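*Asks:*
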Ligand SMILES: *[C@@H]1O[C@H](CO)[C@@H](O[C@@H]2O[C@H](CO)[C@@H](O)[C@H](O)[C@H]2NC(C)=O)[C@H](O)[C@H]1NC(C)=O
Ligand SMILES: *[C@@H]1O[C@H](CO)[C@@H](O[C@@H]2O[C@H](CO)[C@@H](O)[C@H](O)[C@H]2NC(C)=O)[C@H](O)[C@H]1NC(C)=O
Ligand SMILES: *[C@@H]1O[C@H](CO)[C@@H](O[C@@H]2O[C@H](CO)[C@@H](O)[C@H](O)[C@H]2NC(C)=O)[C@H](O)[C@H]1NC(C)=O
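Chains as they are written, first to last, in my numbering: chain Y, 349 to 399; chain W, 6 to 467; chain C, 11 to 62; chain E, 476 to 599; chain R, 476 to 599; chain S, 476 to 599.
1. Distance cutoff 8 Å, beta carbons only. Does residue 569/E sit that close to anything in chain S?
2. Tell me, to the nearest whole angstrom, how far the beta carbon of residue 274/W is from that of residue 128/W; I am working on the premise that it is less than 8 Å.
3. Closer than 7 Å to a non-hydrogen atom of ligand 1 - does that hold for the CB of residue 122/W?
4. By Cβ distance, which residues of its chain are closer than 7 Å to residue 510/R, with the 5 residues on each side in sequence left out?
5. DSSP on residue 389/W, reduced to helix/strand/coil?
6. How is the beta strand (DSSP E) around residue 254/W delimited, first residue to last?
7. If you pair each beta-carbon of the stretch 226-241 of chain W with each one of the stretch 425-445 of chain W, do three or more pairs fall below 8 Å?
8. I want to see whether chain C comes within less than 8 Å of residue 167/W, judged by CB atoms only; does it?
9. Does ligand 1 have a heavy atom nearer than 7 Å to the CB of residue 141/W?
10. Does the structure place the stretch 362-369 of chain W close enough to the stretch 393-401 of chain W that three or more beta carbon pairs sit under 8 Å?
11. Please classify residue 156/W: does DSSP put it in a helix, a strand, or coil?
12. Quick one: residues in its chain with C-beta nearer than 6 Å to the C-beta of residue 17/C, no 5 flanking neighbours on either side, listed in chain order?
13. Note down, in chain order, all residues in the stretch 514-541 of chain E with a beta-carbon under 8 Å from any beta-carbon belonging to chain R.
14. Collect the residues with a C-beta less than 5 Å away from any heavy atom of ligand 2 and give them in sequence order along the chain.
15. Please state whether DSSP places residue 526/E in a helix, a strand or coil.
16. Looking at the structure shown, is residue 576/E part of a helix, part of a strand, or coil, going by DSSP?
17. Return the residues of the stretch 26-52 of chain C that lie within a Cβ-Cβ distance of less than 8 Å from chain W, sorted by chain order.
18. Beta strand (DSSP E) containing residue 37/C: first to last residue?
19. Whose Cβ in chain R lies nearer than 7 Å to the Cβ of residue 399/Y?
20. At 7 Å on the CB atoms, spell out the chain R contacts of residue 470/W, in chain order.
21. Among 570/E, 588/E, 581/E, 545/E, which residue has its Cα nearest to the Cα of residue 8/W?
22. Which residues share a DSSP beta bridge with residue 410/W?
23. Rank 262/W, 321/W, 308/W, 282/W by C-alpha distance to the C-alpha of residue 298/W and give the top, closest one.
24. Contact defined as beta carbons within less than 8 Å: I believe residue 526/E pairs with residue 538/S. What is the distance between those atoms, to the nearest angstrom?
25. Taking the alpha-carbon positions, what's the residue 21/C to residue 48/C distance?
26. Starting from the Cα of residue 583/S, find the closest Cα among 532/S, 513/S, 496/S, 484/S and give me that residue.
27. Are there 16 or more other CB atoms within 10 angstroms of the CB of residue 224/W, so buried, or fewer, so exposed?
28. Tell me the rounded alpha-carbon separation between residue 580/S and residue 494/R.
29. What are the complete beta strand (DSSP E) segments, minimum 3 residues, inside the stretch 394-443 of chain W?
30. Which residue spans inside the stretch 194-250 of chain W form an unbroken beta strand (DSSP E) run of at least 3?
31. Closer than 8 Å, Cβ to any Cβ of chain E: which residues of the stretch 491-516 of chain R, in chain order?
32. One question on the structure: do residue 137/W and residue 121/W come within less than 8 Å of each other, judged by their Cβ atoms?
33. Pairing CB atoms from the stretch 541-555 of chain E with CB atoms from the stretch 566-579 of chain E, are three or more of them under 8 Å?
34. DSSP three-state call for residue 564/R: helix, strand or coil?
35. Using a Cβ-Cβ cutoff of 8 Å, what residues of the stretch 552-568 of chain S are near chain R? List them in chain order.
36. Taking C-beta pairs closer than 8 Å, name the residues in chain E that residue 7/W reaches, listed in chain order.
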């Protein structure tokens, strides 16, 4: 089905496609706020807040 | 009492040193898409809030031919322009033997373009097919010296594997500002009487330079800044006959030209996924590519250049000739026009003489009288030595048109012999740096030395 | 390995077809290689056929 | 007066106008790795100069005078031909040959003021 | 109280708890050159803020009071309705419109002190 | 004495010569992006140590003494047992286990001096 659109590649069979859990961290000078309200409906205020 | 040593911080003391300067672009060019052109791709958006600041009793000596800014601009251009060609097609299967017949476009013979046909290894690679395209005779070489004269080749593939520029980047000369990094400043000389080296009194400091247009050109300078008072002559040693003597104009000249040949783009698939663009049929009659300059303004300009040349040569006249034979990139005015590459024969521009006594340049015979330069067009470009040294320029449909201002000249004095009363001149070209050195001439960069020491009556108390 | 008649015991004279720079005018060429760099092509019997 | 408007003005005029020059020593942007290299070099230069003010006990933009007497061979100048007329550029064009003298003499000035304060903070 | 646990506490409670927030302003690691760019930007921000405290004669975490009289157009507030109730976030949501004035006024009152002290270390 | 010539000298011998050691903490060059990473790591380390000196009111190279009394469990040594005989390396080989309380106790020393100074700068 290729070769008329692109010449593409085989994935290397020694990397894997496992969904590794990846954490995101703020660098120096910033912070991550997390809303602990489970009633949060997409927009608006939150009171139970952690960093 | 005596005096005692005291330090001061924040002291206006300059040093001269080499440094790395970044680029800034006009902010409207950041309306454009990502990976489009150099502005959004690599530079920083500008903001003219820190304007020019004039200085007072300062006095600084500038040097034009020792300027490191152009020698860094050349490498910045060479690296960015080498980086811009990577995602494009690398050609390679187009190096096949070409079979070229007579140039029967609509009967007759088109004298510049040959109709050639070649076998294309298609994207399936086992269903190779015949294709045909029209090529320019500078891009076409005979394959062998024998009398098999219907067998041809591209001018590449014996020297390098060439490349096609991607037809979604552009070759528009975006004005690029050079700015000073942290702890640095740019001195600008406001004396228009500055003759290349020496002191300058009206001095300002700027955070970013004037917008430089990086137009690659030979024997003439395209769109660029104009001189402030009159025609300026710059040479490192004016007596030296091997040194390129640059002429900067006050009154601009207007040049307008075109390719009056209604071309058509053809698409060929070369290998898997990637395409190639060539010249297909030609619709309409065949016309010659040419460029036009108004005659009275050109004669006025060359007589004024002779007037300024008589400020360094006492009683001799001024004569000109064409370039010394040369090759295509050296002997002809080579400039970009909308993506195409023009090479114009400059001899008709310089078949004239200034006798040392200037004649009234109106003297009205016809204001519509023009001088006309025949121009040839290449597609395979041998653009710079050491860049990724080949590039193929894809053709663009319809008649192109472009219009610009001539503001500068490049000259070489033909060798002074027999004590001749002309010391005639030829147009020059070659190293592109003296184009940019025609624009970066007002600028220097200074290392800020903030810490100073002075004697003061002050004494520290315990 | 007839260098000037006789046999050089280390260097084999080999010839091969080179796809030239035009790619449709491939030509014969010859070179001398060292026997550590030269392997017989197949275990099936054809003894004058070699590989890098 | 901005980054460099103080140049040309005399000693008395440039005794002021320090911070508007010295505050613009930190910036940086993107064209490549070379600009990051120049940015880190500028940061390291400012930090080194702030350190050199750090040894001598100055630690500020103020007029930091030490107690070492001025030898005549460094300037050979009257006070009137330093303050009334001179500006900093052609002052530096005279004084700049004595860096290994002056920049060691102020470290000797912070030699001559430290242990005789530590004893007066302990033995008193 | 860590990096941001002091938020929501009043003026008096957050007059303390400064260094455990302000000490965590420098870090960095690897995912690419973009993290180097963000790390150098963080160092530049912290160094610029230390400099801006550096001109005004503060040069520390200390409660650095200068001598400009407070103008009523910046707060229009009583002492009780600043210290007894208010917290810094919605205090900043009032005062933040005047920052380019206030950050100039403290340099203006550094343009009132050290030349006088220089004359009181020289002419005395 | 340069960058490390003070090592092996005694406590009273190395009470001096701090500056020529600590002045050589900032440099960098090119072999790749890794050297730039190590360069900004060195700049970060020096800036962090300057910050930790800035917390305690030291802010200099000086012999910064605070007022917290020494506890005997940290050294158990006589004054002669510390000063005339020891060098700094085998002193560190004893004291280095108590960093997590000493580097908090000097912040506690900056607790016990600040708001009192503010009240003696305001209520007086
Ligand atoms: C270029 O040459 C090609 C031959 O490959 C020409 O195409 C043929 O022209 C003849 C003459 O009219 C026709 O009989 C064929 O049907 C054409 N073949 C194809 C595939 O179109 C082409 O006309 C020439 N073009 C120019 C501009 O000279
Ligand atoms: C292609 O050529 C046509 C005709 O030569 C150009 O159309 C004329 O352009 C001139 C420019 O000075 C105008 O004055 C005329 O009014 C235009 N029309 C006619 C009917 O002559 C056309 O501009 C050219 N193509 C491009 C892209 O410039
Ligand atoms: C390697 O083999 C080549 C054969 O391809 C030899 O070249 C030929 O040698 C014969 C014998 O003298 C000549 O008749 C031919 O004219 C040669 N051909 C060419 C193209 O030169 C070559 O001599 C051999 N070389 C060595 C070192 O063994």
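Each residue gets a CB set at the ideal place from its N, CA and C atoms; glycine is no exception.
*Replies:* Quick look at the numbers:
1. Stepping through the fourth chain from its first residue, residue 569/E is reached at position 94. Taking Cβ atoms only, chain S never reaches closer than 8 Å to residue 569/E, which makes this a no.
2. If you number the second chain from 1, residue 274/W lands on position 269. If you number the second chain from 1, residue 128/W lands on position 123. Contact between residue 274/W and residue 128/W holds: their C-beta atoms lie close to 6 Å from each other, under 8 Å.
3. Start at 1 with the first residue of the second chain, and residue 122/W comes out as number 117. Within the cutoff, so yes.
4. Residue mapping note: residue 510/R aligns to position 35 of the fifth chain, counting from 1. Counting only Cβ-Cβ distances below 7 Å, and skipping sequence neighbours, we find 503, 504.
5. In the second chain, the residue the question calls residue 389/W occupies position 384. If DSSP states are grouped into helix, strand and coil, residue 389/W belongs with coil.
6. Counting from 1 along the second chain, the entry for residue 254/W is found at position 249. Its beta strand (DSSP E) spans residues 250-263.
7. yes
8. Here residue 167/W refers to the residue found at position 162 of the second chain. By this cut-off, residue 167/W is not an interface position.
9. Along the second chain, one-based indexing puts residue 141/W at 136. Not so, every heavy atom of ligand 1 lies at least 7 Å from the Cβ.
10. no
11. Position 151 of the second chain, counted from the start, is the residue given in the question as residue 156/W. Correct three-state label for residue 156/W: strand.
12. Within the third chain, the letter at position 7 stands for residue 17/C. Excluding five sequence positions before and after residue 17/C, the CB atoms of its chain that fall closer than 6 Å to its own CB belong to 11, given in chain order.
13. Answer set for the stretch 514-541 of chain E: 514, 515, 518, 521, 522, 534, 535, 536, 537, 538, 540.
14. 404/W, 406/W
15. Residue numbering aside, residue 526/E sits at position 51 when the fourth chain is read from its first letter. Looking at residue 526/E - three-state DSSP - the assignment turns out to be helix.
16. Indexing the fourth chain from 1 puts residue 576/E at position 101. Of the three classes helix, strand and coil, the one that applies to residue 576/E here is helix, per DSSP.
17. 31, 32, 33, 34, 35
18. Taking the third chain and counting its residues from 1, one reaches residue 37/C at position 27. Its beta strand (DSSP E) spans residues 37-44.
19. Counted from its first residue, the first chain places residue 399/Y at position 51. Result: 478, 479.
20. As displayed, chain W neither begins before 6 nor continues past 467, which places residue 470/W out of reach and without an answer.
21. To locate residue 8/W, count along the second chain from 1; it is residue 3. For the residues 570/E, 588/E, 581/E, 545/E, the minimum Cα distance to residue 8/W belongs to 545/E.
22. Along the second chain, read from residue 1 onward, the residue named residue 410/W stands at position 405. Beta-bridge pairing links residue 410/W to 259/W.
23. Position 293 of the second chain, counted from the first residue, corresponds to residue 298/W. If we check each option's Cα against that of residue 298/W, 262/W comes out closest.
24. In the fourth chain, counting from the first residue as 1, residue 526/E sits at position 51. In the sixth chain, counting from the first residue as 1, residue 538/S sits at position 63. 18 Å between Cβ atoms; not a contact.
25. One-based indexing of the third chain puts residue 21/C at position 11. One-based indexing of the third chain puts residue 48/C at position 38. Taking the straight line from one Cα to the other gives about 10 Å.
26. As a first step, residue 583/S is located in the sixth chain; it is residue number 108 there, counting from the start. If we check each option's Cα against that of residue 583/S, 532/S comes out closest.
27. Counted from its first residue, the second chain places residue 224/W at position 219. By the 10 Å Cβ count, residue 224/W comes out buried.
28. Numbered from its first residue, the sixth chain carries residue 580/S at position 105. Numbered from its first residue, the fifth chain carries residue 494/R at position 19. Spanning the two alpha carbons is a distance of roughly 14 Å.
29. 406-418, 430-432
30. 202-205, 208-211, 237-239
31. Cβ contacts with chain E come from 508, 511, 512, 515, 516.
32. For the purposes of this step, residue 137/W is taken as the residue at position 132 of the second chain. For the purposes of this step, residue 121/W is taken as the residue at position 116 of the second chain. Yes, the pair counts as a contact, with Cβ atoms nearer than the cut-off.
33. yes
34. Counting from 1 along the fifth chain, the entry for residue 564/R is found at position 89. Looking at residue 564/R - three-state DSSP - the assignment turns out to be helix.
35. none
36. Indexing the second chain from 1 puts residue 7/W at position 2. The answer, in chain order, is 544, 545.
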